[PDB]
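*Asks:* Below you'll find the structure I mean.
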Protein chains: 2
Amino acid sequence: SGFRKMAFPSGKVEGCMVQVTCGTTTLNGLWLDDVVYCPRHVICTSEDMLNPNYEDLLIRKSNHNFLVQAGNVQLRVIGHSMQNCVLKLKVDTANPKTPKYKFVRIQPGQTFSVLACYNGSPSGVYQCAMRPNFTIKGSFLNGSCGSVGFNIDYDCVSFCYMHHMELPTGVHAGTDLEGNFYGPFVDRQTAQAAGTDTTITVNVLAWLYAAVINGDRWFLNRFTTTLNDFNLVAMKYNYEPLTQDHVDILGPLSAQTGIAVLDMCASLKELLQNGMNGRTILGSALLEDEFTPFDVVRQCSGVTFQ
Amino acid sequence: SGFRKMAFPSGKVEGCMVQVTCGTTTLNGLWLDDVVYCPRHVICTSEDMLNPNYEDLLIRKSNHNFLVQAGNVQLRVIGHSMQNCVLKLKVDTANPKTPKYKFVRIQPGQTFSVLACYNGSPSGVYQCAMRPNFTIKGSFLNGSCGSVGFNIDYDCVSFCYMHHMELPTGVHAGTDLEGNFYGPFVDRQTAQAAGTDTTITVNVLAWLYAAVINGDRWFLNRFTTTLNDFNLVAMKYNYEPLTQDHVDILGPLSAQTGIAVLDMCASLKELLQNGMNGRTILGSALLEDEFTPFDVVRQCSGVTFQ
Ligand SMILES: *[C@](O)(C(=O)NC1CC1)[C@H](CC)NC(=O)[C@H](CS(=O)(=O)CC1CC1)N[C@@H](c1ccc(F)cc1)C(F)(F)F
Ligand SMILES: *[C@](O)(C(=O)NC1CC1)[C@H](CC)NC(=O)[C@H](CS(=O)(=O)CC1CC1)N[C@@H](c1ccc(F)cc1)C(F)(F)F
């Protein structure tokens, strides 16, 4: 037992990380088959980042201007193209460490592991949620651009995120692996508004079920509620409205613990209205929203990958 | 910027994980060079776990009784020996994925990454501290025994922990890779007392410095204190006494932020005496003690591994 914020094992992704240098700019790229993916702003200088004309900047570049290094291995670039906010560098060698993989666009409230990298070298791994406002709260220093987010299902790596930016507010933005930003963000040095964010209600309830499975049960009460009454509380506390789709996804955890989803909603309502009263739940003094119901079932079941 | 509880990239360790089966018991082993390391209680049945005579149980076993599988690869066992609480299975093939590595015994209050594994297959990675009472608060289901803890310095993996037990209180115990338990624990199914635990003061102060570097500064105050006065507060709140050795280790962070260590101690004293007043620090509503000063400098500096 016990419950921790756990990331996927990073090995299959470590094998794909490279360094991409264009002129004086260095960041990370992802080497899959004979293609290297990286943020398009590798072609910019600090001067350019105000309002870059990426089409004009890339026209100045030839294949031999993109230096790609995997550890000591130098890769030969034989093609380049821009897709949305990413550059695709065709190389003459397929990555021998390419895992089974897909590209996916994740939904807000879904979770993924980030492999933070600098100069193509893995630094660390942590678990993130895509916020309702399409930002992530990561850990990314200058040079982390091109680090990727992913999930693993058995042997298949689903890449969902590439790091592009830190907003002046200190939060993080990036793209899917086709180079489309999550949220309204653009790859330029401007102040950019993120939506007002909300708490991911279905994830808090998943985590409450994780707490009960692990013997933290002090917050269970004598009460129940309705979807309608609960959503009035959710509104007041800036929580996502709970839908029957969310109730359905919580079905397995409700079945395991024997606690009806609306009974767990009545526990959450009391926690929102009264606070934690100086107590903790699974080592936390606030309501945690970065575990999906699938996360909770996986960690409670001991699912593995190859 | 941003600050997350980040684990080491797990790839070098994933390459070393195997399954070890003896009779009907299956758990994880660590394949380094031509030796597989695993918990000795692989040789027990549930019946045996009350008070196992491990010397007598191992005498009944021959090399061919230990089934070792790395993915599909079956390994040939050519020797076995018990060292303290671990079994060392000599195999006829050196692991080709063996990283540069050392075995280390970590000190209480130090941190490490855990690769949780089941049937020799990696499940997830998370960051842990060795508690002052030599327990860890992990996430370990039945079959996780033999999962390992580690740190990485550049290309060298320092193995510090192998998982052996969950205490009836739901906390976790294990050994170094020479098979010596951390703390007073024994590998048998008995109730076993853990020491009274304390909060790792030097780690809380490290994390306060991380908070200031990341722009969380609401807890900084007009006050200072002395080591003596601070330790009176530490006692009352079950924090480790702070020593000059701890002040010295905090020197780099004090230098970066320009906040004297005893000034940061006066912030911590006010936080212990007044609480957080419904506010957060780096996303936490309590005082976090699982980042070492070295952790904070690494994450703030972007150190990488190969
Ligand atoms: C990120 O884009 C990244 O890692 N880019 C490459 C250049 C490392 C990162 C996050 C915004 N950007 C920067 O770190 C960069 C600072 S730097 O050029 O000094 C890199 C340092 C390791 C040497 N900031 C530029 C930037 C802003 C916005 C953006 F979307 C991309 C880059 C800056 F400051 F010019 F605007
Ligand atoms: C752990 O020792 C482990 O993973 N061991 C091997 C057997 C998987 C783990 C934590 C205590 N122990 C158990 O999971 C085990 C339950 S089980 O045999 O049903 C394993 C299950 C996946 C099939 N508990 C035994 C045990 C207690 C204490 C100990 F130190 C080791 C084992 C028990 F219950 F018999 F005591």
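Residues are named by chain letter and number: chains run A, B, ... in the order of the structure tokens, numbers start at 1 in each chain, and ligands are numbered from 1 in the order shown.
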Residues of chain B near chain A: apply a cut-off of 9 Å, count only C-alpha atoms, and supply the list as number ranges by chain.
*Replies:* B: 1-15, 71, 115-127, 137-144, 166, 170-172, 214, 284-286, 298-306
*Asks:* Produce as an MDAnalysis selection string the set of residues near ligand 1, where near means within 10 Å with only C-alpha atoms and all ligand atoms considered.
*Replies:* (chainID A and resid 20:21 24:28 39:50 117:119 140:147 163:168 170 172:174 185:190) or (chainID B and resid 1 302)
*Asks:* Give the superposed chain B as a tab-separated table (two decimals) with C-alpha atoms, in the first residue's frame, the fit being least squares on chain A over all ordered C-alpha pairs.
*Replies:*
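Final output, result-v3.tsv:
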chain	number	residue	atom	x	y	z
B	1	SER	CA	0.00	0.00	0.00
B	2	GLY	CA	0.79	3.74	0.06
B	3	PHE	CA	0.05	6.27	-2.66
B	4	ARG	CA	2.64	8.43	-4.41
B	5	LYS	CA	2.71	10.85	-7.39
B	6	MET	CA	4.52	8.39	-9.69
B	7	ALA	CA	5.83	8.90	-13.19
B	8	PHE	CA	6.14	6.30	-15.95
B	9	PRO	CA	9.56	4.63	-16.19
B	10	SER	CA	11.46	7.06	-18.51
B	11	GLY	CA	13.83	4.54	-20.21
B	12	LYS	CA	12.00	4.20	-23.55
B	13	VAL	CA	11.99	8.06	-23.85
B	14	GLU	CA	15.62	8.62	-22.70
B	15	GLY	CA	16.65	6.58	-25.77
B	16	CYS	CA	14.96	9.14	-28.05
B	17	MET	CA	16.41	12.40	-26.67
B	18	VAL	CA	18.92	14.42	-28.81
B	19	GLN	CA	20.45	17.89	-28.82
B	20	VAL	CA	19.52	20.25	-31.73
B	21	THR	CA	21.66	23.36	-32.33
B	22	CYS	CA	20.90	26.04	-34.96
B	23	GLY	CA	23.41	28.93	-35.02
B	24	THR	CA	23.81	29.71	-31.28
B	25	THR	CA	20.48	28.22	-30.07
B	26	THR	CA	20.57	24.72	-28.42
B	27	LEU	CA	17.51	22.76	-27.19
B	28	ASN	CA	16.21	19.18	-27.08
B	29	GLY	CA	14.76	17.06	-29.88
B	30	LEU	CA	12.93	13.74	-30.05
B	31	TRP	CA	14.45	11.15	-32.44
B	32	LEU	CA	11.82	8.60	-33.61
B	33	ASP	CA	12.53	6.41	-36.69
B	34	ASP	CA	14.42	8.77	-39.12
B	35	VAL	CA	12.77	12.04	-37.91
B	36	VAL	CA	13.89	14.47	-35.18
B	37	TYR	CA	11.09	16.68	-33.73
B	38	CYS	CA	11.92	19.94	-31.89
B	39	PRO	CA	10.45	23.41	-31.19
B	40	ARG	CA	10.64	25.67	-34.24
B	41	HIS	CA	12.12	28.52	-32.12
B	42	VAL	CA	15.51	26.67	-32.32
B	43	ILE	CA	15.90	28.90	-35.46
B	44	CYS	CA	15.52	32.19	-33.44
B	45	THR	CA	17.97	34.51	-31.65
B	46	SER	CA	16.75	36.42	-28.51
B	47	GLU	CA	16.34	39.41	-30.95
B	48	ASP	CA	13.91	37.24	-33.10
B	49	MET	CA	11.70	36.11	-30.13
B	50	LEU	CA	9.79	39.51	-29.93
B	51	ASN	CA	7.68	38.65	-33.04
B	52	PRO	CA	9.50	36.00	-35.12
B	53	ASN	CA	8.57	35.50	-38.81
B	54	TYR	CA	9.30	31.74	-38.63
B	55	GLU	CA	8.71	31.21	-42.43
B	56	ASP	CA	11.35	33.88	-43.29
B	57	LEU	CA	13.78	32.68	-40.57
B	58	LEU	CA	13.59	29.00	-41.77
B	59	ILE	CA	14.19	30.07	-45.44
B	60	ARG	CA	17.68	31.24	-44.34
B	61	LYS	CA	18.47	27.70	-43.03
B	62	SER	CA	19.78	24.65	-44.95
B	63	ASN	CA	19.89	21.00	-43.73
B	64	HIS	CA	23.61	21.44	-42.76
B	65	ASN	CA	22.69	24.40	-40.41
B	66	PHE	CA	20.85	21.94	-38.03
B	67	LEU	CA	23.41	20.13	-35.84
B	68	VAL	CA	21.87	17.03	-34.23
B	69	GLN	CA	23.85	15.00	-31.70
B	70	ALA	CA	22.71	11.88	-29.82
B	71	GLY	CA	25.27	11.60	-27.02
B	72	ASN	CA	28.46	11.62	-29.13
B	73	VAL	CA	26.64	10.25	-32.34
B	74	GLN	CA	26.30	13.15	-34.89
B	75	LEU	CA	23.22	12.66	-37.16
B	76	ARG	CA	23.20	13.68	-40.85
B	77	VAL	CA	20.18	15.96	-41.67
B	78	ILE	CA	18.77	15.28	-45.16
B	79	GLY	CA	15.47	17.23	-44.96
B	80	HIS	CA	13.71	19.87	-42.87
B	81	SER	CA	10.08	21.01	-42.63
B	82	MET	CA	7.97	23.12	-40.32
B	83	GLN	CA	4.60	21.71	-39.13
B	84	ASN	CA	2.75	24.31	-37.01
B	85	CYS	CA	5.20	25.13	-34.10
B	86	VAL	CA	7.53	22.11	-34.58
B	87	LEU	CA	10.44	21.41	-36.91
B	88	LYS	CA	10.79	17.91	-38.43
B	89	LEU	CA	14.41	17.11	-39.33
B	90	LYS	CA	14.71	14.07	-41.54
B	91	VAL	CA	17.96	12.19	-40.70
B	92	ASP	CA	19.73	9.41	-42.68
B	93	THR	CA	19.63	6.90	-39.71
B	94	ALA	CA	16.53	5.41	-37.98
B	95	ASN	CA	16.91	5.62	-34.17
B	96	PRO	CA	17.68	1.99	-33.14
B	97	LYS	CA	16.12	2.73	-29.70
B	98	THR	CA	12.79	3.91	-31.20
B	99	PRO	CA	10.03	2.43	-28.99
B	100	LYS	CA	6.55	1.46	-30.21
B	101	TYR	CA	4.91	4.91	-30.05
B	102	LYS	CA	1.95	7.12	-31.03
B	103	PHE	CA	1.30	10.87	-31.04
B	104	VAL	CA	-1.82	11.87	-29.07
B	105	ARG	CA	-3.52	15.15	-28.18
B	106	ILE	CA	-4.52	14.78	-24.49
B	107	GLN	CA	-7.64	16.33	-22.96
B	108	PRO	CA	-7.48	18.89	-20.15
B	109	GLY	CA	-7.48	17.17	-16.73
B	110	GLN	CA	-5.45	14.19	-18.12
B	111	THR	CA	-2.00	13.40	-16.62
B	112	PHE	CA	1.38	12.53	-18.15
B	113	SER	CA	5.05	12.13	-17.26
B	114	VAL	CA	7.59	14.79	-18.23
B	115	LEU	CA	11.26	13.90	-18.87
B	116	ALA	CA	13.05	17.21	-18.19
B	117	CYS	CA	16.18	17.38	-20.45
B	118	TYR	CA	19.03	19.91	-21.06
B	119	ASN	CA	21.40	19.69	-24.11
B	120	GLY	CA	19.75	16.36	-25.04
B	121	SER	CA	20.56	14.83	-21.59
B	122	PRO	CA	17.81	13.60	-19.23
B	123	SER	CA	17.71	15.47	-15.87
B	124	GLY	CA	14.59	14.11	-14.12
B	125	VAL	CA	11.08	12.71	-14.44
B	126	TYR	CA	7.85	13.92	-12.80
B	127	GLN	CA	4.06	13.55	-13.19
B	128	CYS	CA	1.97	16.57	-14.46
B	129	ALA	CA	-1.69	17.30	-15.27
B	130	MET	CA	-2.80	19.35	-18.26
B	131	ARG	CA	-4.68	22.14	-16.43
B	132	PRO	CA	-8.24	23.01	-17.54
B	133	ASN	CA	-6.70	26.24	-18.95
B	134	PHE	CA	-4.15	24.15	-21.01
B	135	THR	CA	-1.10	25.18	-18.95
B	136	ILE	CA	1.13	22.80	-17.00
B	137	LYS	CA	2.84	23.49	-13.66
B	138	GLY	CA	6.23	21.97	-14.46
B	139	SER	CA	9.88	22.39	-13.57
B	140	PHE	CA	11.68	23.80	-16.64
B	141	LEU	CA	14.88	25.92	-16.72
B	142	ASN	CA	16.30	27.70	-19.77
B	143	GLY	CA	17.34	24.96	-22.26
B	144	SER	CA	14.48	22.51	-21.34
B	145	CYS	CA	12.52	23.40	-24.55
B	146	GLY	CA	11.81	20.26	-26.54
B	147	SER	CA	11.49	18.12	-23.37
B	148	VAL	CA	8.45	15.83	-23.84
B	149	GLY	CA	5.43	14.51	-21.96
B	150	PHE	CA	4.15	10.99	-22.44
B	151	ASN	CA	2.12	8.07	-21.16
B	152	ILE	CA	3.00	4.35	-21.55
B	153	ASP	CA	0.47	1.52	-22.20
B	154	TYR	CA	2.44	-1.76	-21.99
B	155	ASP	CA	5.12	-1.38	-24.68
B	156	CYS	CA	3.65	1.73	-26.48
B	157	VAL	CA	4.73	5.30	-25.62
B	158	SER	CA	2.01	7.89	-26.30
B	159	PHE	CA	3.74	11.27	-26.74
B	160	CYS	CA	1.34	14.09	-25.83
B	161	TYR	CA	3.46	17.20	-25.01
B	162	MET	CA	6.56	19.13	-26.13
B	163	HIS	CA	7.76	22.04	-23.96
B	164	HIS	CA	7.94	25.44	-25.69
B	165	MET	CA	7.42	28.32	-23.23
B	166	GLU	CA	7.31	29.79	-19.75
B	167	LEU	CA	4.65	32.55	-19.40
B	168	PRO	CA	5.68	35.60	-17.29
B	169	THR	CA	3.44	34.13	-14.53
B	170	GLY	CA	5.89	31.17	-14.28
B	171	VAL	CA	3.50	28.56	-15.69
B	172	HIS	CA	4.36	26.39	-18.77
B	173	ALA	CA	2.96	25.97	-22.30
B	174	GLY	CA	3.69	23.70	-25.20
B	175	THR	CA	2.38	21.70	-28.09
B	176	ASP	CA	1.29	18.24	-29.19
B	177	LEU	CA	3.86	16.44	-31.37
B	178	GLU	CA	2.17	17.88	-34.56
B	179	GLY	CA	3.19	21.31	-33.18
B	180	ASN	CA	-0.26	22.65	-32.23
B	181	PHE	CA	-0.24	24.60	-28.92
B	182	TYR	CA	-2.46	23.49	-26.09
B	183	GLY	CA	-4.56	26.58	-25.29
B	184	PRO	CA	-4.31	30.02	-26.91
B	185	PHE	CA	-0.52	30.38	-26.63
B	186	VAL	CA	1.89	31.55	-29.36
B	187	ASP	CA	5.67	30.95	-29.54
B	188	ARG	CA	6.71	34.59	-29.03
B	189	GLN	CA	8.00	36.70	-26.09
B	190	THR	CA	4.74	38.54	-25.27
B	191	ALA	CA	2.56	38.66	-22.14
B	192	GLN	CA	-0.17	36.04	-22.84
B	193	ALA	CA	-3.34	35.45	-20.76
B	194	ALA	CA	-4.06	31.86	-19.60
B	195	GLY	CA	-7.75	31.13	-18.89
B	196	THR	CA	-9.00	31.30	-15.38
B	197	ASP	CA	-8.08	27.74	-14.18
B	198	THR	CA	-10.34	25.37	-12.21
B	199	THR	CA	-9.76	22.32	-9.96
B	200	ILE	CA	-10.29	18.93	-11.75
B	201	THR	CA	-13.21	17.59	-9.70
B	202	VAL	CA	-13.18	14.01	-11.08
B	203	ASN	CA	-9.45	13.74	-10.12
B	204	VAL	CA	-10.02	14.99	-6.54
B	205	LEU	CA	-12.80	12.32	-6.17
B	206	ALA	CA	-10.41	9.65	-7.63
B	207	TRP	CA	-7.81	10.68	-5.04
B	208	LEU	CA	-10.40	10.51	-2.20
B	209	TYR	CA	-11.10	6.90	-3.26
B	210	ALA	CA	-7.27	6.25	-3.28
B	211	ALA	CA	-7.25	7.69	0.30
B	212	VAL	CA	-10.01	5.27	1.45
B	213	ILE	CA	-8.27	2.24	-0.20
B	214	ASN	CA	-5.08	3.27	1.74
B	215	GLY	CA	-6.99	3.64	5.10
B	216	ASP	CA	-7.32	7.43	5.21
B	217	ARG	CA	-11.08	7.66	5.90
B	218	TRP	CA	-11.58	10.43	8.48
B	219	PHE	CA	-13.38	12.60	5.82
B	220	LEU	CA	-16.16	10.03	5.14
B	221	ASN	CA	-19.44	11.30	6.61
B	222	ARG	CA	-23.15	10.36	7.13
B	223	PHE	CA	-24.29	12.51	4.18
B	224	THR	CA	-25.13	12.25	0.49
B	225	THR	CA	-25.84	14.86	-2.19
B	226	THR	CA	-27.13	15.23	-5.76
B	227	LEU	CA	-25.18	16.10	-8.92
B	228	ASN	CA	-27.19	19.40	-8.97
B	229	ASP	CA	-26.49	20.36	-5.29
B	230	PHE	CA	-22.79	19.29	-5.59
B	231	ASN	CA	-22.35	21.43	-8.78
B	232	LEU	CA	-23.61	24.50	-6.81
B	233	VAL	CA	-20.72	23.92	-4.35
B	234	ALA	CA	-18.28	23.16	-7.29
B	235	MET	CA	-19.21	26.59	-8.82
B	236	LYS	CA	-18.61	28.52	-5.54
B	237	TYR	CA	-15.14	26.85	-5.08
B	238	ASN	CA	-14.03	27.02	-8.79
B	239	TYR	CA	-14.24	23.23	-9.33
B	240	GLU	CA	-15.19	21.72	-12.74
B	241	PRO	CA	-18.86	20.76	-12.94
B	242	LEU	CA	-19.29	16.98	-12.42
B	243	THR	CA	-21.10	15.14	-15.25
B	244	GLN	CA	-22.52	11.61	-15.49
B	245	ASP	CA	-19.55	10.79	-17.79
B	246	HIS	CA	-17.32	11.60	-14.74
B	247	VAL	CA	-19.59	9.46	-12.45
B	248	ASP	CA	-19.28	6.57	-15.00
B	249	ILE	CA	-15.44	6.84	-15.06
B	250	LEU	CA	-15.46	6.63	-11.20
B	251	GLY	CA	-17.54	3.40	-11.36
B	252	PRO	CA	-14.63	0.97	-10.79
B	253	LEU	CA	-13.43	2.84	-7.68
B	254	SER	CA	-17.01	3.10	-6.36
B	255	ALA	CA	-17.35	-0.68	-6.92
B	256	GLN	CA	-14.03	-1.56	-5.13
B	257	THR	CA	-14.75	0.61	-2.00
B	258	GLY	CA	-18.53	0.23	-1.92
B	259	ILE	CA	-18.86	4.07	-1.58
B	260	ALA	CA	-21.42	5.54	-4.00
B	261	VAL	CA	-19.98	8.38	-6.09
B	262	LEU	CA	-22.62	10.86	-4.72
B	263	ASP	CA	-21.69	9.82	-1.12
B	264	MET	CA	-18.02	10.63	-1.97
B	265	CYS	CA	-19.28	13.94	-3.49
B	266	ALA	CA	-20.91	14.68	-0.04
B	267	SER	CA	-17.49	14.10	1.62
B	268	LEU	CA	-15.87	16.51	-0.93
B	269	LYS	CA	-18.61	19.13	-0.37
B	270	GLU	CA	-17.94	19.03	3.45
B	271	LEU	CA	-14.13	19.30	2.76
B	272	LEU	CA	-14.71	22.33	0.47
B	273	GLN	CA	-17.05	24.06	2.95
B	274	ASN	CA	-15.12	23.24	6.20
B	275	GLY	CA	-11.50	22.74	5.02
B	276	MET	CA	-9.21	19.94	6.34
B	277	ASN	CA	-9.30	21.25	9.93
B	278	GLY	CA	-5.47	20.93	10.16
B	279	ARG	CA	-5.54	17.24	9.09
B	280	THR	CA	-3.97	15.52	6.06
B	281	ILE	CA	-5.07	13.01	3.38
B	282	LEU	CA	-2.36	10.79	1.79
B	283	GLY	CA	0.32	13.20	3.13
B	284	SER	CA	-1.43	16.32	1.69
B	285	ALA	CA	-3.03	19.30	3.50
B	286	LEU	CA	-4.96	20.28	0.34
B	287	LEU	CA	-7.25	18.52	-2.12
B	288	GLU	CA	-5.03	16.97	-4.84
B	289	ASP	CA	-6.34	16.99	-8.44
B	290	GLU	CA	-3.38	15.50	-10.42
B	291	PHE	CA	-4.43	11.82	-10.22
B	292	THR	CA	-6.92	10.62	-12.87
B	293	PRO	CA	-9.26	7.70	-12.00
B	294	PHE	CA	-7.12	5.55	-14.36
B	295	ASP	CA	-3.97	6.67	-12.42
B	296	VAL	CA	-5.59	5.54	-9.10
B	297	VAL	CA	-6.66	2.10	-10.54
B	298	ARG	CA	-3.18	1.56	-12.12
B	299	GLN	CA	-1.28	2.43	-8.92
B	300	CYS	CA	-3.75	0.37	-6.77
B	301	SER	CA	-3.45	-2.63	-9.27
B	302	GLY	CA	0.37	-2.61	-10.00
B	303	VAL	CA	0.21	-2.41	-13.87
B	304	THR	CA	3.66	-2.80	-15.60
B	305	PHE	CA	5.19	-2.00	-19.07
B	306	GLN	CA	7.62	-3.69	-21.58
*Asks:* Determine which residues of segment 174-245 of chain A DSSP labels as alpha helix (DSSP H) from the backbone of this structure, then write them out as a PyMOL selection string.
*Replies:* chain A and resi 201-213+227-236+244-245
*Asks:* How would the residues just chosen look if you wrote them out with C-alpha atoms as a PDB file, in the first residue's frame?
*Replies:*
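Dumped everything to again_10.pdb:
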ATOM      1  CA  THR A 201     -13.212  17.593  -9.699  1.00  0.00           C
ATOM      2  CA  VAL A 202     -13.176  14.006 -11.084  1.00  0.00           C
ATOM      3  CA  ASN A 203      -9.446  13.742 -10.123  1.00  0.00           C
ATOM      4  CA  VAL A 204     -10.024  14.986  -6.543  1.00  0.00           C
ATOM      5  CA  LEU A 205     -12.801  12.325  -6.167  1.00  0.00           C
ATOM      6  CA  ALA A 206     -10.408   9.646  -7.635  1.00  0.00           C
ATOM      7  CA  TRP A 207      -7.806  10.676  -5.039  1.00  0.00           C
ATOM      8  CA  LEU A 208     -10.403  10.509  -2.198  1.00  0.00           C
ATOM      9  CA  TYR A 209     -11.097   6.896  -3.257  1.00  0.00           C
ATOM     10  CA  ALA A 210      -7.269   6.245  -3.283  1.00  0.00           C
ATOM     11  CA  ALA A 211      -7.254   7.693   0.298  1.00  0.00           C
ATOM     12  CA  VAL A 212     -10.010   5.272   1.449  1.00  0.00           C
ATOM     13  CA  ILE A 213      -8.267   2.241  -0.204  1.00  0.00           C
ATOM     14  CA  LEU A 227     -25.181  16.104  -8.921  1.00  0.00           C
ATOM     15  CA  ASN A 228     -27.192  19.396  -8.974  1.00  0.00           C
ATOM     16  CA  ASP A 229     -26.493  20.358  -5.290  1.00  0.00           C
ATOM     17  CA  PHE A 230     -22.792  19.294  -5.587  1.00  0.00           C
ATOM     18  CA  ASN A 231     -22.346  21.433  -8.775  1.00  0.00           C
ATOM     19  CA  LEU A 232     -23.612  24.503  -6.807  1.00  0.00           C
ATOM     20  CA  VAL A 233     -20.717  23.924  -4.353  1.00  0.00           C
ATOM     21  CA  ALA A 234     -18.278  23.164  -7.291  1.00  0.00           C
ATOM     22  CA  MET A 235     -19.210  26.587  -8.821  1.00  0.00           C
ATOM     23  CA  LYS A 236     -18.612  28.517  -5.541  1.00  0.00           C
ATOM     24  CA  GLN A 244     -22.524  11.614 -15.485  1.00  0.00           C
ATOM     25  CA  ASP A 245     -19.547  10.795 -17.788  1.00  0.00           C
TER      26      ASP A 245
END
*Asks:* Give me every strand (DSSP E) residue in segment 48-108 of chain A, going by DSSP on the backbone, as a compact mmCIF listing (two decimals) with N, CA and C atoms, in the first residue's frame.
*Replies:*
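To be explicit, this is the file written out as selection24.txt:
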# COMPACT_ATOMS: atom_id res chain seq x y z
N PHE A 66 21.41 22.65 -39.22
CA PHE A 66 20.85 21.94 -38.03
C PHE A 66 21.81 20.84 -37.57
N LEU A 67 22.46 21.07 -36.45
CA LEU A 67 23.41 20.13 -35.84
C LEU A 67 22.63 19.29 -34.83
N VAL A 68 22.60 17.98 -35.08
CA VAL A 68 21.87 17.03 -34.23
C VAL A 68 22.83 15.99 -33.70
N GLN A 69 22.90 15.87 -32.38
CA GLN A 69 23.85 15.00 -31.70
C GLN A 69 23.07 14.14 -30.72
N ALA A 70 23.27 12.84 -30.78
CA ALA A 70 22.71 11.88 -29.82
C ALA A 70 23.89 11.34 -29.03
N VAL A 73 27.10 10.56 -30.94
CA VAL A 73 26.64 10.25 -32.34
C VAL A 73 26.16 11.56 -32.99
N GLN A 74 26.81 12.03 -34.06
CA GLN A 74 26.30 13.15 -34.89
C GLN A 74 25.35 12.57 -35.95
N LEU A 75 24.17 13.15 -36.13
CA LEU A 75 23.22 12.66 -37.16
C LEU A 75 23.31 13.55 -38.38
N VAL A 77 21.52 15.38 -41.37
CA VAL A 77 20.18 15.96 -41.67
C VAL A 77 20.00 16.02 -43.18
N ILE A 78 18.96 15.41 -43.68
CA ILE A 78 18.77 15.28 -45.16
C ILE A 78 17.45 15.95 -45.58
N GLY A 79 16.71 16.53 -44.64
CA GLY A 79 15.47 17.23 -44.96
C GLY A 79 15.06 18.02 -43.77
N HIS A 80 14.35 19.11 -43.97
CA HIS A 80 13.71 19.87 -42.87
C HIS A 80 12.34 20.37 -43.31
N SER A 81 11.40 20.40 -42.37
CA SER A 81 10.08 21.01 -42.63
C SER A 81 9.49 21.51 -41.33
N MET A 82 8.69 22.55 -41.45
CA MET A 82 7.97 23.12 -40.32
C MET A 82 6.52 22.65 -40.38
N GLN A 83 6.03 22.07 -39.30
CA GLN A 83 4.60 21.71 -39.13
C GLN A 83 4.10 22.49 -37.93
N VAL A 86 6.38 23.04 -34.68
CA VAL A 86 7.53 22.11 -34.58
C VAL A 86 8.30 22.08 -35.89
N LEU A 87 9.58 21.78 -35.75
CA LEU A 87 10.44 21.41 -36.91
C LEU A 87 10.67 19.90 -36.94
N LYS A 88 10.60 19.33 -38.13
CA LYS A 88 10.79 17.91 -38.43
C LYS A 88 12.06 17.84 -39.27
N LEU A 89 13.11 17.33 -38.64
CA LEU A 89 14.41 17.11 -39.33
C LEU A 89 14.52 15.66 -39.72
N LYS A 90 14.46 15.42 -41.02
CA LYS A 90 14.71 14.07 -41.54
C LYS A 90 16.21 13.78 -41.38
N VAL A 91 16.54 12.62 -40.85
CA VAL A 91 17.96 12.19 -40.70
C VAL A 91 18.18 10.89 -41.48
N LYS A 100 7.91 1.36 -29.66
CA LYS A 100 6.55 1.46 -30.21
C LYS A 100 5.97 2.77 -29.66
N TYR A 101 5.37 3.57 -30.50
CA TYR A 101 4.91 4.91 -30.05
C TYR A 101 3.74 5.39 -30.88
N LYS A 102 2.99 6.34 -30.32
CA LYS A 102 1.95 7.12 -31.03
C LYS A 102 2.07 8.58 -30.64
N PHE A 103 1.53 9.48 -31.46
CA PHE A 103 1.30 10.87 -31.04
C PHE A 103 -0.15 11.05 -30.64
